[PDB]
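*Asks:* Model the following, please.
(chains A, B, C, D, E, F, G and H, ligands or ions: 35)
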Amino acid sequence: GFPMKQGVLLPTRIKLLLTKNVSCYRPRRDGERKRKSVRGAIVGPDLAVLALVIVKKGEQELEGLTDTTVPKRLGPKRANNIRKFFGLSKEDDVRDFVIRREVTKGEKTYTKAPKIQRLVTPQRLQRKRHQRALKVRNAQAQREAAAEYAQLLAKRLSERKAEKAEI
Amino acid sequence: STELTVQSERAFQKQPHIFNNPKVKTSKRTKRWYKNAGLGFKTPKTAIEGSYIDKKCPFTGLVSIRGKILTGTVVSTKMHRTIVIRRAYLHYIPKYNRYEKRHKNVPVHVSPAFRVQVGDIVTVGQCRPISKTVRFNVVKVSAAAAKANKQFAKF
Amino acid sequence: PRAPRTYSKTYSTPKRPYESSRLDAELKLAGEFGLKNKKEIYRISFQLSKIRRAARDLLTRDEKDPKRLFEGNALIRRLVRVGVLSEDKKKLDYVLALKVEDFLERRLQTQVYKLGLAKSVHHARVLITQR
Amino acid sequence: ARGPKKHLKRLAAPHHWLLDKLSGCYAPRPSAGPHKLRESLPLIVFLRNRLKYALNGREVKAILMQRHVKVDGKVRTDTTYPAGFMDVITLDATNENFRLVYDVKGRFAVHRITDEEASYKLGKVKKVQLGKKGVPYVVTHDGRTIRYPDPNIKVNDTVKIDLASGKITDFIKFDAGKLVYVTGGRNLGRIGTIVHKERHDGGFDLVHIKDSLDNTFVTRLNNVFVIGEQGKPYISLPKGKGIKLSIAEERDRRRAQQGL
Amino acid sequence: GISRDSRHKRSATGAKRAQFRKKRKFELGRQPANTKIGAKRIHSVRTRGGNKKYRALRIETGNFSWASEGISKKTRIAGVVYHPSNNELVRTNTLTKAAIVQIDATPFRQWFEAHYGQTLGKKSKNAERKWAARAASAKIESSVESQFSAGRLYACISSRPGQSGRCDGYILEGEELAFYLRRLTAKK
RNA sequence: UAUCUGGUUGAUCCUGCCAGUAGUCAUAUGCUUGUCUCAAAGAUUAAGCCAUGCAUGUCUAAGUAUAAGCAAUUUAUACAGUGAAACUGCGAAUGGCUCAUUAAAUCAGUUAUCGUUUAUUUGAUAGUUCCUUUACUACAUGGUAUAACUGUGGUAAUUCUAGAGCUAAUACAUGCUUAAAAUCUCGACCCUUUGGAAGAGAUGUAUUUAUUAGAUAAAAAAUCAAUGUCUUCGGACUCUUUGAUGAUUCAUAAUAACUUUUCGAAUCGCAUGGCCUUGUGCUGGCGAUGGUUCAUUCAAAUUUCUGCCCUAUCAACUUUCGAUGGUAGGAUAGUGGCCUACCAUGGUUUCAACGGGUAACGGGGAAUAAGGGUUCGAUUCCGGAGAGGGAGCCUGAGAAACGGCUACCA
RNA sequence: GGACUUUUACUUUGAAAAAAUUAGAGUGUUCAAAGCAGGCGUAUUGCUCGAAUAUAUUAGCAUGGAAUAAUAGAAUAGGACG
RNA sequence: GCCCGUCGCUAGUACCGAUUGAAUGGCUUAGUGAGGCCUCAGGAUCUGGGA
Ligand SMILES: [Mg+2]
Ligand SMILES: [Mg+2]
Ligand SMILES: [Mg+2]
Ligand SMILES: [Mg+2]
Ligand SMILES: [Mg+2]
Ligand SMILES: [Mg+2]
Ligand SMILES: [Mg+2]
Ligand SMILES: [Mg+2]
Ligand SMILES: [Mg+2]
Ligand SMILES: [Mg+2]
Ligand SMILES: [Mg+2]
Ligand SMILES: [Mg+2]
Ligand SMILES: [Mg+2]
Ligand SMILES: [Mg+2]
Ligand SMILES: [Mg+2]
Ligand SMILES: [Mg+2]
Ligand SMILES: [Mg+2]
Ligand SMILES: [Mg+2]
Ligand SMILES: [Mg+2]
Ligand SMILES: [Mg+2]
Ligand SMILES: [Mg+2]
Ligand SMILES: [Mg+2]
Ligand SMILES: [Mg+2]
Ligand SMILES: [Mg+2]
Ligand SMILES: [Mg+2]
Ligand SMILES: [Mg+2]
Ligand SMILES: [Mg+2]
Ligand SMILES: [Mg+2]
Ligand SMILES: [Mg+2]
Ligand SMILES: [Mg+2]
Ligand SMILES: [Mg+2]
Ligand SMILES: [Mg+2]
Ligand SMILES: [Mg+2]
Ligand SMILES: [Mg+2]
Ligand SMILES: [Mg+2]
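*Replies:* Numbering: from 1, shown residues only, chains lettered A, B, ... in the order given. Ligands and ions are numbered 1, 2, ... in the order given. You can find the structure just below:
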């Protein structure tokens, strides 16, 4: 039951060090690597199962395959992705193009659409408006307290020359 | 210790970031830098008049004296630019109510602003780890030679 | 990982195990105050012992020394408090004197008998231990 | 040993907390904050062990989470938040203000203070460097960064602070003859004006103190906290005014007060 | 890996010390970048507490400054020509601090002539002003002018390429240039 | 709390040991054993080996919900309650255990960092991001590729997982922006003077290098090269600005550039209001999570002075293969023979080096009570070290981690 | 602020100084070993004392002392003051 | 009277000693050398020179 691993070549087994983001391994812990057996990527008579994908459909239909067609479980949830799974232009408004999945509660048939993320909304612009506003507001305040200190030094200098003219 | 040559290494010796502009015609060739180490230790004139380089010099170099200040009498000047002194002292054993003579040798860097010989008493100052063993830098000679010229010939 | 729960012992044994004279003198104390143990005597003579040490130690410092006056007074008043020390000899060269029976004379055992109410040191015990 | 320690064993905890030996095995380890570990009173100890206001620790969290309690103004929701000298604990309910200021035995006393004295605190400046962009700053024993302070202000000076806003409204220079609170050593909690300071280039300037009972003593300059003028302090001092009486003196005061 | 403890290593008496504890990672050392010349290739390395260090292995350009002219240009790095620590660095043309290199001159040329209007070796309005303003200042220096004919300038690397991913330095000048000039040929 | 007694002789006085005597937070064992409280306890020998169970996980209004989940009601046709799974984030470096190693090591007291790293807490801190700069750059917000899931599977077997098909973000990867001004270099033109100019670019922070300012030890002049501001056109310059430390090439700033370019909010929760030229315009409340730099706090790492048991049936030791110093680099978080090159011949020792032994972790302390001492400390607190033995390392702020991985040995 | 200073031992006071332990104060855990409590009233709406002190030495620091014991100084004058 | 040594018995202890005897533990020459890390290459596939 050991699995193949693309690009090992060899028609045998070996034991590799495996990491995150790699086939035939799911790390149990941050920065963990486990040393595991692996089967080669070259088909031999020892394989219990060969995994195969259809790329061109031959002259005849294969029962449970061409003849049946299974729908894609989930639909588009991010803003522009709906816009691309329908081709809409940032004009058409998504909210009515989000997909809707019906279901029944025995005698209550319900409806539940996603939750469009990265949607541009009035709320979000108030936060953009706010950031900039704070940045600039601070910026001026920071000049003020600065210039206030220039003064605190300017009429401190002319106090060391009102002192240097007393004696 | 140093003496002579000064430019005697494979690399060029220079105080770091002390540029002398060749364009600007000067009467001293090398612009020199120094400080006063503090704690009232006269930065002797030989360190200002000097031409030596020693980066581990307390007056011309990039060390810094902070911490223990100690004295001891020079017992070894065979190492180039570093000496070894003996700090003697009496250690008290309570049961007998008496002390015994003990001693320790502390190795210490000595800048070619000083001319030390064996037997000279020397006030050293603690600095940063300067080598495997040396944690001190000679900072004043409270000696001279111990009356050497009063050992000349006959009448 | 806790705080050491502290203890210490409250009695002391005699150096010499079979001194016929100390032995008599000891029983007689029990016979008189209704004790059950030589320990009950060992206990006190030990208390007494340290008190004297405290008193000796204090007596070697100079007269009107701060610790002496503080720790001296404290010792004396506490002794008076339980009625061991005489009002007159309230200056710790009689705490230095003192003796065991001056301590024995103040056990509830002994008071509960002294003003009647028991009429025997033993009946005194039994009454006390019986609530 | 491998990283930050997160626990505090009872007995390792500072003494002036007046924690008790048994009833557990740990003490609350003071959060990282404004005051050093070993010179602080965490909120749990003050709310519970001083004020007796909660019984359980678990109750102390329930109290704070309502945001009753506010240090220096801000609301503070950290069971072991490191409160410390010169701060202002406030209970919004019970209309109650406190200041953390020392005993004479060296302990943080409960000390009730006015509703308006509670709107500022004192801070010893611990350093004054020239920060980024040429802007000079001071930093105070309780870790506050205050930009653009008075030039005349330098290290060891104390400083009155708004709380309400960040700013410095006044400072007191470290001169011979200024009211001093002692924050450290055995002489911790004593108060006494200043005689003169031993210099000692290289480390540990000594500061000679004399109080209002013409008794004298010394500490390290580090341990000296300016708080005002002979007579005139700048905060209300806890009763006994940090004068420190002999054990005999204190005995007598306590066994003179007796006639029930 | 590489340790930097002192706890191996005999005591100053010469005594042999037992092993107490194992290698900690905070006394760790890592291997030399041994950087060479050509086609930018740098590898970041994760050093204590976040803190990247940049390990240059192969560099072809660095930022070099002519101190007495107070400018800095970015030139190719031609070669390593002298190194006080170890000759193998020179022969394998390895970049490290202290290394003596040769760079390009033609950026320090294009600046000079466009600023002095004099040209090394061998008509605008304001330019003539500024050019004439300068000089009695255009005197350069023989041992530096010569090098331009060759189109290569001697320079001492001043950065730490294994540390910072930069191979930077200053042109050689006056006193210190004479030092290496002497060493160059009186070894050649 | 300053005490001795029995035993050599025919008897005697001595020397002198054996014996007695008492304590032991000092172990075992025997016999005996009723009550309150207190409560040490697989250290010693075997840091020998271990069945099985448990000892690290974690969610707020506030990162991610189309559960083909539960709930239904109560306004919600994008979402909205509640919420498994999973992703993301944080923690797992604390704690607890043990005393094998360790004899100038650890550890203690006392120092140093002007020799560094520091998640976090607390406090400060960011108008500069684009581009030959009128036919313009998503800002009303740019990219996919994945878990969970669905379905197809493989193995005797595990916290094994494979092929297929989906889909999120505070995961991954991108990428716009904002005032006034001042100073710099270029310089189209005009004109000879003593000379001046439209207008063109550049200038956030961080990185790397080089250069400069960072004065002050009491006062004055002349001249060279550049070149500032004010003319009562020979001339003058008059007020002239300076932080800290015992001490710095310090803090901070300035010039020329450098960068596979660090940071500069494409985030979330509650409220919904002002304001007219009625655009769903332009604004705008409270606080979360972020974010660079500095400070602070929890830290760490090294580090100065002095101090260890027995041993000479250990007297010379140290440099094979760094031993002691110098120069340069490299490496590090950073000093440093830490490592490498080159060069030198140093370093320690009867004041006991070096070697050996320890049935040796160090300290606070414990037992014995005239005093001086003697003996003990695996073990409730602090420090250190380890996880069967060694080494290696990944993650991370922090491990050379073992209830993490990798290898060898057992 | 400048300009310079023979070295030490001893002793005095003082700083800096963990807690538990120890010595020791206060408090009737019923006593006690302990513990750091507790004590008063209007016991219906709080009053209040506490949680000391000492030891803590050898080394380092800081200060007073100038006996005792060392060290150094001026003799080929290369002496001392101006 | 005391008393010394060989010689003889029983029992116990330590020594010397062929076996170039044995065992444990600590270092360590030379040879062989796992593994991760760094590094020169590599390029199953997968995109805009990089992965
Ligand atoms: Mg979103
Ligand atoms: Mg030498
Ligand atoms: Mg805590
Ligand atoms: Mg200091
Ligand atoms: Mg390499
Ligand atoms: Mg006999
Ligand atoms: Mg007889
Ligand atoms: Mg006879
Ligand atoms: Mg005996
Ligand atoms: Mg065991
Ligand atoms: Mg045990
Ligand atoms: Mg839902
Ligand atoms: Mg631990
Ligand atoms: Mg992709
Ligand atoms: Mg991110
Ligand atoms: Mg000047
Ligand atoms: Mg200054
Ligand atoms: Mg700097
Ligand atoms: Mg509205
Ligand atoms: Mg032997
Ligand atoms: Mg070296
Ligand atoms: Mg030799
Ligand atoms: Mg000996
Ligand atoms: Mg051992
Ligand atoms: Mg121990
Ligand atoms: Mg021991
Ligand atoms: Mg053991
Ligand atoms: Mg460990
Ligand atoms: Mg085991
Ligand atoms: Mg080995
Ligand atoms: Mg391990
Ligand atoms: Mg385990
Ligand atoms: Mg663990
Ligand atoms: Mg003392
Ligand atoms: Mg105490």
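*Asks:* Spell out which parts of chain C neighbour RNA strand H.
*Replies:* Neighbours of RNA strand H within chain C, by CB under 7 Å from any atom of the strand: none found. C-beta: built from backbone N, CA, C; applies to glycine.
*Asks:* Pick out the residue of chain C closest to chain D.
*Replies:* When distances are taken as CB to the nearest CB, chain C reaches nearest to chain D at residue C:3, 4.2 Å away.
*Asks:* go on, chain E?
*Replies:* Counting by CB to the nearest CB, chain E gets nearest chain D through residue E:24, at 9.9 Å.
*Asks:* Which of the helices or strands spans that residue?
*Replies:* Under the assignment given by DSSP states H and E, residue E:24 is not contained in any helix or strand.
*Asks:* tell me the centre residue of chain B?
*Replies:* residue B:110 (2.5 Å; CA atoms, centre = their mean).
*Asks:* out of everything not next to it in sequence, what's closest to that residue?
*Replies:* Nearest in space to residue B:110, with sequence neighbours left out and distances taken as CB to CB, 6 or more residues apart in numbering or on different chains, is residue B:138 at 4.2 Å.
*Asks:* Report the residue ranges of every domain in chain E.
*Replies:* With domains defined by CATH domains of a matching chain, chain E comprises E:1-30, E:31-105+E:152-188, E:106-151.
*Asks:* Verify the contact between residue E:92 and residue E:36 for me.
*Replies:* Yes. Counting by CB atoms under 8 Å, residue E:92 does reach residue E:36; the two are 7.3 Å apart.
*Asks:* who's more crowded, those two?
*Replies:* residue E:36 (18 against 12; other CB atoms under 10 Å in any protein chain shown).
*Asks:* so what's that one closest to, chain neighbours aside?
*Replies:* The nearest residue in space to residue E:36 (CB to CB, 6+ apart) is residue E:58, at 5.2 Å.
*Asks:* Could you list which residues are in contact with the residue of chain B found nearest RNA strand H?
*Replies:* Residue of chain B nearest RNA strand H, by CB to the nearest atom of the strand: residue B:132 (20.6 Å). Taking CB atoms under 8 Å, 6 or more residues apart in numbering or on different chains, we find residue B:132 in contact with E:6, E:9, E:12.
*Asks:* Now for the closest residue to residue B:13 other than its chain neighbours, how many residues are close by?
*Replies:* Using CB to CB, 6+ apart and skipping residues adjacent in sequence, the residue nearest residue B:13 is residue B:53, 4.0 Å away. A count of neighbours around residue B:53, defined by other CB under 10 Å, yields 20.
*Asks:* do stretch D:137-154 and RNA strand F meet?
*Replies:* Yes. Counting by CB under 7 Å from any atom of the strand, RNA strand F has neighbours in stretch D:137-154: D:137, D:139, D:143-147, D:151, D:154.
*Asks:* Looking at the contacts of residue B:132, spot the one nearest residue D:256.
*Replies:* Using CB to CB, residue E:6 comes nearest to residue D:256 of the contacts of residue B:132, at 65.1 Å.
*Asks:* center of chain A, which residue is that?
*Replies:* residue A:78 (10.2 Å).
*Asks:* Hmm, residue C:68 is touching residue C:62, no?
*Replies:* Yes. Assessed by CB under 8 Å, residue C:68 is found in contact with residue C:62 at 7.5 Å.
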